[PDB]
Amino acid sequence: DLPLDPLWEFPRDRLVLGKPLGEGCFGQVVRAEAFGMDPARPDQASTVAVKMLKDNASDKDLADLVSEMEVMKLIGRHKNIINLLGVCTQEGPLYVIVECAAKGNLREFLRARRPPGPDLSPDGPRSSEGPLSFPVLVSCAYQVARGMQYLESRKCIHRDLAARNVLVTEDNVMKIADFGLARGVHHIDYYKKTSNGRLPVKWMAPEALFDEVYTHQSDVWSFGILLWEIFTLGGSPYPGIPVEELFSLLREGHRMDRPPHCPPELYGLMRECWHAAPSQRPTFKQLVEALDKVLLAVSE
(Lines of atoms letter the chains of each structure in order from A and count residues from 1; the text may use other names and numbers.)
(Lines give C-alpha, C1' and ligand atoms only; values in the text may rest on other atoms or scores of the structure.)
Protein backbone atom coordinates (compact mmCIF):
# COMPACT_ATOMS: atom_id res chain seq x y z
CA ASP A 1 0.00 0.00 0.00
CA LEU A 2 3.02 2.19 0.62
CA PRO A 3 5.06 3.20 -2.44
CA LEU A 4 7.63 0.67 -3.68
CA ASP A 5 11.30 1.49 -3.17
CA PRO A 6 13.29 -1.14 -5.13
CA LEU A 7 16.51 0.17 -3.57
CA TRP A 8 15.53 -1.02 -0.09
CA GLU A 9 12.64 -3.44 -0.62
CA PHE A 10 13.28 -6.98 0.62
CA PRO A 11 11.12 -10.09 0.02
CA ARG A 12 9.30 -10.79 3.30
CA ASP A 13 9.26 -14.50 2.45
CA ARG A 14 13.04 -14.44 2.85
CA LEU A 15 12.52 -13.65 6.53
CA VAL A 16 11.96 -16.15 9.33
CA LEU A 17 10.70 -14.36 12.44
CA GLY A 18 12.18 -15.54 15.72
CA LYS A 19 12.43 -14.36 19.32
CA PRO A 20 10.99 -10.94 20.22
CA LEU A 21 13.76 -8.70 21.55
CA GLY A 22 11.68 -5.94 23.13
CA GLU A 23 9.54 -2.92 22.33
CA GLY A 24 9.40 0.86 22.66
CA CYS A 25 6.77 3.60 22.67
CA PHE A 26 5.92 2.65 19.09
CA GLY A 27 6.63 -0.66 17.40
CA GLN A 28 8.21 -3.90 18.58
CA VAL A 29 11.54 -5.49 17.68
CA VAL A 30 11.82 -9.13 16.63
CA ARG A 31 14.98 -11.10 15.88
CA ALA A 32 14.76 -12.88 12.54
CA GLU A 33 16.68 -15.04 10.10
CA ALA A 34 17.26 -13.51 6.67
CA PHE A 35 18.23 -15.31 3.47
CA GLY A 36 20.01 -13.45 0.70
CA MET A 37 20.29 -10.05 2.37
CA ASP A 38 23.39 -9.90 0.21
CA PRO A 39 21.95 -10.39 -3.32
CA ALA A 40 25.22 -12.02 -4.42
CA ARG A 41 24.44 -14.85 -1.98
CA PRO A 42 20.68 -15.61 -2.29
CA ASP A 43 20.69 -18.64 0.04
CA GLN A 44 23.04 -17.22 2.67
CA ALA A 45 21.57 -16.96 6.17
CA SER A 46 22.07 -13.94 8.42
CA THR A 47 20.57 -12.75 11.70
CA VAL A 48 18.70 -9.44 11.62
CA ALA A 49 16.42 -7.30 13.78
CA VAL A 50 12.93 -6.61 12.46
CA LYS A 51 10.98 -3.56 13.58
CA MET A 52 7.22 -3.72 13.13
CA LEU A 53 3.98 -2.24 14.44
CA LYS A 54 2.31 -3.83 17.45
CA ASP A 55 -1.25 -5.13 17.38
CA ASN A 56 -2.14 -1.83 19.10
CA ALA A 57 -1.16 0.13 16.02
CA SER A 58 -2.93 3.41 15.41
CA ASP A 59 -1.99 5.35 12.28
CA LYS A 60 0.13 7.65 14.44
CA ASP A 61 2.15 4.54 15.25
CA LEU A 62 2.31 3.69 11.54
CA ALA A 63 3.33 7.26 10.73
CA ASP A 64 6.14 7.13 13.30
CA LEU A 65 7.52 3.86 11.93
CA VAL A 66 7.32 5.11 8.34
CA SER A 67 9.06 8.29 9.50
CA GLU A 68 11.79 6.22 11.15
CA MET A 69 12.16 4.17 7.96
CA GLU A 70 12.76 7.25 5.82
CA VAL A 71 15.28 8.60 8.32
CA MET A 72 17.24 5.33 8.11
CA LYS A 73 17.40 5.66 4.32
CA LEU A 74 18.88 9.16 4.45
CA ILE A 75 21.42 8.83 7.28
CA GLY A 76 23.60 6.35 5.40
CA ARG A 77 25.96 3.63 6.59
CA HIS A 78 28.47 3.94 9.43
CA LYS A 79 30.36 1.36 11.50
CA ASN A 80 29.14 2.74 14.83
CA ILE A 81 25.39 2.92 14.19
CA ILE A 82 22.61 0.38 13.66
CA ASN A 83 22.26 0.44 9.88
CA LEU A 84 19.19 -0.12 7.71
CA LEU A 85 19.42 -3.39 5.78
CA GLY A 86 16.05 -3.44 4.02
CA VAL A 87 12.30 -2.95 4.30
CA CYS A 88 9.07 -4.85 3.65
CA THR A 89 6.30 -2.53 2.49
CA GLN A 90 4.46 -4.56 -0.15
CA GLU A 91 1.56 -6.97 0.38
CA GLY A 92 1.91 -7.46 4.13
CA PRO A 93 2.77 -5.73 7.43
CA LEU A 94 5.39 -2.98 7.47
CA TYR A 95 8.85 -4.33 8.31
CA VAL A 96 11.95 -2.25 8.99
CA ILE A 97 15.00 -4.52 8.83
CA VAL A 98 18.09 -3.23 10.63
CA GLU A 99 21.46 -4.57 11.75
CA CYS A 100 21.70 -7.06 14.61
CA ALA A 101 24.03 -6.60 17.59
CA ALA A 102 24.52 -9.96 19.29
CA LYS A 103 25.51 -8.84 22.80
CA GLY A 104 22.61 -6.48 23.55
CA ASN A 105 22.85 -2.90 24.81
CA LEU A 106 25.92 -1.32 26.40
CA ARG A 107 24.40 -0.90 29.87
CA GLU A 108 23.62 -4.59 30.36
CA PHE A 109 26.91 -5.49 28.67
CA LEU A 110 28.81 -3.58 31.35
CA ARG A 111 26.66 -4.63 34.32
CA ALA A 112 27.04 -8.32 33.46
CA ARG A 113 30.82 -7.89 33.24
CA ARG A 114 31.52 -6.22 36.57
CA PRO A 115 34.61 -7.70 38.28
CA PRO A 116 34.29 -10.56 40.81
CA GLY A 117 33.60 -9.17 44.27
CA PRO A 118 35.27 -9.85 47.67
CA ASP A 119 33.26 -13.09 48.00
CA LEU A 120 34.81 -15.35 45.35
CA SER A 121 37.32 -18.09 46.15
CA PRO A 122 40.62 -17.54 44.25
CA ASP A 123 40.60 -20.22 41.49
CA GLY A 124 43.31 -19.81 38.81
CA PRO A 125 45.86 -17.03 38.16
CA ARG A 126 43.34 -14.41 37.08
CA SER A 127 40.87 -14.44 40.02
CA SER A 128 41.07 -10.63 40.48
CA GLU A 129 40.92 -10.02 36.72
CA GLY A 130 37.50 -9.14 35.33
CA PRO A 131 36.35 -9.14 31.68
CA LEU A 132 36.53 -5.34 31.44
CA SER A 133 39.76 -3.37 31.21
CA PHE A 134 40.37 0.38 31.04
CA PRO A 135 41.47 0.57 27.38
CA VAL A 136 38.35 -1.32 26.25
CA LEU A 137 36.12 1.01 28.26
CA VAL A 138 37.81 3.96 26.56
CA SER A 139 37.32 2.26 23.19
CA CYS A 140 33.60 1.94 23.93
CA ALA A 141 33.40 5.66 24.67
CA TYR A 142 35.46 6.51 21.59
CA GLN A 143 33.28 4.48 19.21
CA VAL A 144 30.06 6.06 20.46
CA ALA A 145 31.66 9.46 19.90
CA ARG A 146 32.59 8.51 16.33
CA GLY A 147 29.03 7.32 15.69
CA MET A 148 27.54 10.50 17.15
CA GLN A 149 29.96 12.56 15.07
CA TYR A 150 28.67 10.82 11.96
CA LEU A 151 25.03 11.34 12.95
CA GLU A 152 25.77 15.02 13.59
CA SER A 153 27.28 15.40 10.12
CA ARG A 154 24.03 13.94 8.79
CA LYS A 155 22.16 16.56 10.85
CA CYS A 156 20.68 13.90 13.13
CA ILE A 157 19.88 14.59 16.78
CA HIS A 158 19.36 11.53 18.98
CA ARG A 159 17.50 13.26 21.85
CA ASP A 160 17.96 10.23 24.13
CA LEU A 161 21.59 9.15 23.93
CA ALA A 162 22.21 6.58 26.67
CA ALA A 163 24.01 3.29 27.31
CA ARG A 164 20.71 1.43 26.80
CA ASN A 165 20.55 2.86 23.25
CA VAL A 166 24.07 1.78 22.34
CA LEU A 167 24.25 -1.81 21.12
CA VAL A 168 27.21 -4.19 21.24
CA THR A 169 28.16 -6.56 18.42
CA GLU A 170 29.90 -9.94 18.61
CA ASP A 171 33.20 -8.12 18.13
CA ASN A 172 32.40 -5.53 20.81
CA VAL A 173 31.73 -2.78 18.27
CA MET A 174 29.53 0.03 19.60
CA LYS A 175 26.45 0.71 17.49
CA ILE A 176 24.10 3.59 18.27
CA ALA A 177 20.44 2.60 18.01
CA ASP A 178 17.11 4.40 17.65
CA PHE A 179 18.68 7.70 16.47
CA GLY A 180 15.81 8.50 14.08
CA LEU A 181 12.81 8.26 16.39
CA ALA A 182 9.89 10.54 17.01
CA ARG A 183 10.12 10.68 20.79
CA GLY A 184 7.24 13.03 21.60
CA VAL A 185 9.37 15.79 23.08
CA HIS A 186 6.33 17.98 23.76
CA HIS A 187 4.68 15.43 26.05
CA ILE A 188 7.41 13.76 28.10
CA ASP A 189 6.38 12.23 31.42
CA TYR A 190 9.48 13.27 33.37
CA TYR A 191 8.46 11.04 36.28
CA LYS A 192 7.88 8.03 34.02
CA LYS A 193 10.00 5.03 34.99
CA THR A 194 10.67 2.32 32.40
CA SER A 195 10.03 -1.38 33.01
CA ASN A 196 13.72 -1.85 33.81
CA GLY A 197 13.64 1.12 36.17
CA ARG A 198 15.22 3.80 33.97
CA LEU A 199 14.42 7.50 34.35
CA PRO A 200 15.19 9.00 30.89
CA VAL A 201 15.01 12.54 32.31
CA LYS A 202 18.42 11.96 33.92
CA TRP A 203 19.99 12.02 30.44
CA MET A 204 18.34 15.27 29.32
CA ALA A 205 20.35 18.46 28.88
CA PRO A 206 19.04 21.46 30.88
CA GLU A 207 17.98 23.37 27.75
CA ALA A 208 16.14 20.23 26.63
CA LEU A 209 14.47 19.54 29.97
CA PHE A 210 13.56 23.13 30.87
CA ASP A 211 13.26 24.88 27.49
CA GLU A 212 12.47 21.93 25.19
CA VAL A 213 15.48 22.94 23.09
CA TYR A 214 17.38 20.20 21.26
CA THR A 215 20.75 20.64 19.57
CA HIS A 216 23.80 18.46 18.93
CA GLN A 217 25.23 20.05 22.07
CA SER A 218 22.30 18.64 24.03
CA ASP A 219 23.40 15.23 22.76
CA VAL A 220 26.88 16.08 24.04
CA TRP A 221 25.39 16.51 27.52
CA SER A 222 23.79 13.08 27.21
CA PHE A 223 27.11 11.69 26.00
CA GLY A 224 28.65 12.93 29.24
CA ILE A 225 26.07 10.96 31.19
CA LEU A 226 26.87 7.97 28.97
CA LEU A 227 30.54 8.43 29.88
CA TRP A 228 29.55 8.21 33.54
CA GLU A 229 27.59 5.03 32.83
CA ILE A 230 30.58 3.39 31.15
CA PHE A 231 33.08 4.03 33.94
CA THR A 232 30.58 3.04 36.61
CA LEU A 233 30.22 -0.17 34.59
CA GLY A 234 26.54 0.35 33.84
CA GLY A 235 25.61 2.43 36.87
CA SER A 236 22.47 4.56 37.07
CA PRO A 237 23.11 8.34 36.99
CA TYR A 238 22.31 10.61 39.96
CA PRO A 239 22.19 7.65 42.41
CA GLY A 240 19.22 7.75 44.77
CA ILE A 241 17.95 11.09 43.50
CA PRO A 242 14.22 11.17 42.65
CA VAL A 243 13.00 13.31 39.73
CA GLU A 244 11.64 16.03 42.03
CA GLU A 245 15.07 16.44 43.62
CA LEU A 246 16.74 16.28 40.20
CA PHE A 247 14.74 19.33 39.10
CA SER A 248 15.98 21.59 41.90
CA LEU A 249 19.53 20.20 41.92
CA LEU A 250 19.88 20.92 38.19
CA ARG A 251 18.61 24.45 38.82
CA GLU A 252 21.31 24.78 41.48
CA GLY A 253 23.91 23.59 38.97
CA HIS A 254 24.52 20.27 40.72
CA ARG A 255 26.74 17.73 38.95
CA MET A 256 27.54 14.06 39.54
CA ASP A 257 30.60 13.21 41.62
CA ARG A 258 33.70 11.59 40.14
CA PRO A 259 33.03 7.82 40.12
CA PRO A 260 35.49 5.43 41.83
CA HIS A 261 38.36 4.00 39.75
CA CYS A 262 37.89 6.73 37.15
CA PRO A 263 40.93 8.76 36.00
CA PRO A 264 40.67 12.58 36.11
CA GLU A 265 41.04 12.77 32.33
CA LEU A 266 37.63 11.17 31.82
CA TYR A 267 35.78 12.90 34.64
CA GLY A 268 37.18 16.08 33.14
CA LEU A 269 35.49 15.22 29.84
CA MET A 270 32.25 14.45 31.70
CA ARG A 271 32.23 17.85 33.40
CA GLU A 272 33.02 19.53 30.08
CA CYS A 273 29.98 17.81 28.57
CA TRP A 274 27.93 19.09 31.51
CA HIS A 275 28.82 22.77 31.14
CA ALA A 276 25.72 24.96 31.48
CA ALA A 277 26.34 26.86 28.25
CA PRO A 278 25.97 24.46 25.27
CA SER A 279 28.71 26.37 23.44
CA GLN A 280 31.13 25.66 26.28
CA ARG A 281 30.66 21.92 25.82
CA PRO A 282 33.01 20.08 23.45
CA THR A 283 31.78 19.11 19.99
CA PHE A 284 31.59 15.42 19.13
CA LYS A 285 34.58 15.99 16.84
CA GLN A 286 36.54 17.28 19.83
CA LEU A 287 35.31 14.36 21.93
CA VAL A 288 36.52 11.90 19.29
CA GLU A 289 39.96 13.52 19.18
CA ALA A 290 40.23 13.78 22.97
CA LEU A 291 39.25 10.16 23.57
CA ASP A 292 41.54 9.07 20.74
CA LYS A 293 44.51 10.57 22.59
CA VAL A 294 43.64 8.61 25.73
CA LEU A 295 43.04 5.43 23.75
CA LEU A 296 46.36 5.61 21.88
CA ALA A 297 48.22 6.36 25.11
CA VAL A 298 46.87 3.16 26.71
CA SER A 299 47.12 0.96 23.57
CA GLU A 300 50.92 0.21 23.70
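Heads up: residue numbers just count along the shown sequence, starting at 1.
Stretches 19-27 and 280-288 differ in mean CA B factor, with 19-27 having the higher one. When the C-alpha B-factors of 134-142 and 119-127 are averaged, 119-127 comes out higher.
Each of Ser195, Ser222, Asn105, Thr215 has a CA temperature factor in the record; the biggest one is found at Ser195. The PDB entry gives the largest Cα B-factor of the residues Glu91, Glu99, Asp160, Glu229 to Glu91. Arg258: CA B factor in the lowest third of modelled residues in this chain (values from the PDB entry). Among the modelled residues of its chain, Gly180 has a C-alpha B-factor that falls in the highest third, as given in the PDB entry. Among the modelled residues of the chain, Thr169 sits in the lowest third by CA temperature factor in this PDB entry. For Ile75, the recorded CA B-factor ranks within the highest third of the chain. Only modelled residues enter the ranking. Placement of the Cα temperature factor of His275 within the chain: middle third of the modelled residues, per the deposited record.
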